[PDB]
Structure formats: C-alpha cells, structure tokens
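Just below is one structure, and these are the notes that go with it.
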Amino acid sequence: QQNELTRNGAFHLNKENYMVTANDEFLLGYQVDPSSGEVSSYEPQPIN
Amino acid sequence: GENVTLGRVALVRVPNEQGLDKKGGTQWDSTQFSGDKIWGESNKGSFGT
C-alpha cells in the first residue's frame with residue numbers, strides 16, 4: 001500500500017534478488033504464474 | 001611424464017555486483033548489500049568459463 005510513483009528505470013538487484021532502485025527501494029509488480037497469460041492477481045507485490 | 005592436476009581456480013559470484021565496495025588495484029570485497037560470496041567452479045551452473 002505504501003508506494004510512490006516514479007519514472008526513471010535505473011534498477012538493480014540486492015542480496016535478496018529483488019529489483020530495487022538506487023535508494024534500495026523495492027519495486028512492485030503483478031503476480032503471474034509460469035503458465036498463466038494475462039494478469040492473475042491485480043494486487044502489486046515486489047518482483048522476485 | 002607425470003601429468004597431475006594441481007588444483008582448480010576458485011570463482012566467486014555475488015548476487016548484487018553493483019553493491020560491491022571498491023578496494024584499490026581493481027579489487028572489490030563483499031558487503032551487506034552485495035550479498036554473500038557464492039563459491040563455485042567455472043563452467044558450472046550460472047558461472048562463466
């Protein structure tokens with residue numbers, strides 16, 4: 001719920017293999033299954 | 001004529017290479033954001049050759 005909107009895409013990985021920004025702020029994304037097609041669950045969560 | 005293997009080179013990969021801290025002489029060390037040093041051989045799994 002506590003998320004902020006941005007535009008630059010300078011992303012990288014941290015030790016936990018989460019795609020974060022320069023400030024170590026975790027990105028959010030949609031959950032789709034390995035066999036799914038379109039978005040399954042619309043609630044965002046960090047990309048692994 | 002004794003052909004014997006003397007060892008093999010160790011290869012180290014960290015999950016977050018951007019987070020490695022910079023020492024002198026083109027050298028780095030592991031830090032808390034760089035992850036833990038993953039010790040592996042070459043040409044195995046995700047490692048290069």
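Scheme for the structure tokens: letters A, B, ... for chains in order shown; per-chain residue numbers from 1; ligand numbers from 1 in order shown.
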Which residues of chain B come within 6 Å of chain A, and what is each one's closest atom pair and distance in Å (one decimal), counting only C-alpha atoms, sorted by chain and residue number, as a Markdown table?
| residue | atom | partner | partner_atom | distance |
| --- | --- | --- | --- | --- |
| B:15 | CA | A:15 | CA | 5.5 |
| B:16 | CA | A:14 | CA | 5.2 |
| B:33 | CA | A:15 | CA | 5.6 |
| B:34 | CA | A:15 | CA | 5.7 |
| B:35 | CA | A:15 | CA | 4.3 |
Residues within 6 Å of residue 38 of chain B, please, as a list in words. Count only C-alpha atoms; anything in the same chain fewer than 6 positions from it doesn't count.
residues 12, 13 and 14 of chain B
What does the file look like for those residues with C-alpha atoms, as a PDB file, in the first residue's frame?
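Saved to part-v4.pdb:
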ATOM      1  CA  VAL B  12      33.319 -16.106  -6.748  1.00  0.00           C
ATOM      2  CA  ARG B  13      29.951 -14.596  -7.666  1.00  0.00           C
ATOM      3  CA  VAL B  14      27.933 -12.198  -5.530  1.00  0.00           C
TER       4      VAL B  14
END
Of the candidates A:22, A:38, A:48, A:43, which one gets nearest to residue 1 of chain A if we count only C-alpha atoms?
A:43
Would you please give, as a count of residues only, all residues of chain A that DSSP assigns to strand (DSSP E) based on the backbone?
12
Do you have the atom CA of residue 3 of chain A-atom CA of residue 31 of chain A distance handy?
16.7 Å
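In this model, the gap between atom CA of residue 19 of chain A and atom CA of residue 28 of chain B comes to 22.0 Å.
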Find the residues near residue 30 of chain A: any atom within 9 Å, counting only C-alpha atoms, skip ones fewer than 3 places away on the same chain, and give them as a PyMOL selection string.
chain A and resi 39-47
Could those selected residues go to a file with N, CA and C atoms, as a PDB file, in the first residue's frame?
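out_1.pdb written:
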ATOM      1  N   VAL A  39      -2.701 -10.861 -16.439  1.00  0.00           N
ATOM      2  CA  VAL A  39      -2.511 -10.691 -15.003  1.00  0.00           C
ATOM      3  C   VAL A  39      -3.523 -11.536 -14.240  1.00  0.00           C
ATOM      4  N   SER A  40      -3.023 -12.351 -13.314  1.00  0.00           N
ATOM      5  CA  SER A  40      -3.899 -13.181 -12.493  1.00  0.00           C
ATOM      6  C   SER A  40      -4.407 -12.410 -11.280  1.00  0.00           C
ATOM      7  N   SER A  41      -3.494 -11.942 -10.433  1.00  0.00           N
ATOM      8  CA  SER A  41      -3.834 -11.172  -9.245  1.00  0.00           C
ATOM      9  C   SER A  41      -3.404  -9.729  -9.470  1.00  0.00           C
ATOM     10  N   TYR A  42      -4.335  -8.795  -9.290  1.00  0.00           N
ATOM     11  CA  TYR A  42      -4.073  -7.396  -9.599  1.00  0.00           C
ATOM     12  C   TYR A  42      -3.422  -6.629  -8.453  1.00  0.00           C
ATOM     13  N   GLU A  43      -3.304  -7.220  -7.272  1.00  0.00           N
ATOM     14  CA  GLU A  43      -2.630  -6.527  -6.179  1.00  0.00           C
ATOM     15  C   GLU A  43      -1.119  -6.600  -6.376  1.00  0.00           C
ATOM     16  N   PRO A  44      -0.423  -5.467  -6.404  1.00  0.00           N
ATOM     17  CA  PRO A  44       1.012  -5.481  -6.690  1.00  0.00           C
ATOM     18  C   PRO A  44       1.821  -6.066  -5.545  1.00  0.00           C
ATOM     19  N   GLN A  45       2.995  -6.579  -5.897  1.00  0.00           N
ATOM     20  CA  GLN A  45       3.936  -7.118  -4.922  1.00  0.00           C
ATOM     21  C   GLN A  45       5.327  -7.077  -5.536  1.00  0.00           C
ATOM     22  N   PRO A  46       6.375  -7.096  -4.710  1.00  0.00           N
ATOM     23  CA  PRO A  46       7.737  -6.969  -5.243  1.00  0.00           C
ATOM     24  C   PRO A  46       8.081  -8.074  -6.230  1.00  0.00           C
ATOM     25  N   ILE A  47       8.848  -7.707  -7.249  1.00  0.00           N
ATOM     26  CA  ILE A  47       9.290  -8.656  -8.261  1.00  0.00           C
ATOM     27  C   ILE A  47      10.467  -9.454  -7.721  1.00  0.00           C
TER      28      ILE A  47
END
Find the spatial neighbours of residue 11 of chain B, counting only C-alpha atoms, within a cut-off of 8 Å - ignore same-chain residues fewer than 2 positions away - and output them as a PDB file with N, CA and C atoms, in the first residue's frame.
ATOM      1  N   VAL B   9      40.992 -23.307 -10.253  1.00  0.00           N
ATOM      2  CA  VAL B   9      40.781 -21.925  -9.853  1.00  0.00           C
ATOM      3  C   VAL B   9      39.404 -21.773  -9.224  1.00  0.00           C
ATOM      4  N   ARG B  13      31.034 -15.406  -7.130  1.00  0.00           N
ATOM      5  CA  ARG B  13      29.951 -14.596  -7.666  1.00  0.00           C
ATOM      6  C   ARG B  13      29.102 -14.075  -6.521  1.00  0.00           C
ATOM      7  N   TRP B  39      30.737 -19.387  -3.645  1.00  0.00           N
ATOM      8  CA  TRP B  39      31.917 -20.064  -4.163  1.00  0.00           C
ATOM      9  C   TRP B  39      31.497 -21.166  -5.125  1.00  0.00           C
ATOM     10  N   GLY B  40      32.017 -21.114  -6.351  1.00  0.00           N
ATOM     11  CA  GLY B  40      31.706 -22.123  -7.341  1.00  0.00           C
ATOM     12  C   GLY B  40      32.835 -22.285  -8.337  1.00  0.00           C
ATOM     13  N   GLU B  41      32.759 -23.372  -9.090  1.00  0.00           N
ATOM     14  CA  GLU B  41      33.717 -23.647 -10.145  1.00  0.00           C
ATOM     15  C   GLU B  41      33.329 -22.894 -11.414  1.00  0.00           C
ATOM     16  N   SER B  42      34.213 -22.941 -12.403  1.00  0.00           N
ATOM     17  CA  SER B  42      33.922 -22.364 -13.703  1.00  0.00           C
ATOM     18  C   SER B  42      33.126 -23.350 -14.547  1.00  0.00           C
ATOM     19  N   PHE B  47      27.904 -19.877 -13.626  1.00  0.00           N
ATOM     20  CA  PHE B  47      29.230 -19.296 -13.749  1.00  0.00           C
ATOM     21  C   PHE B  47      29.717 -19.360 -15.191  1.00  0.00           C
TER      22      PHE B  47
END
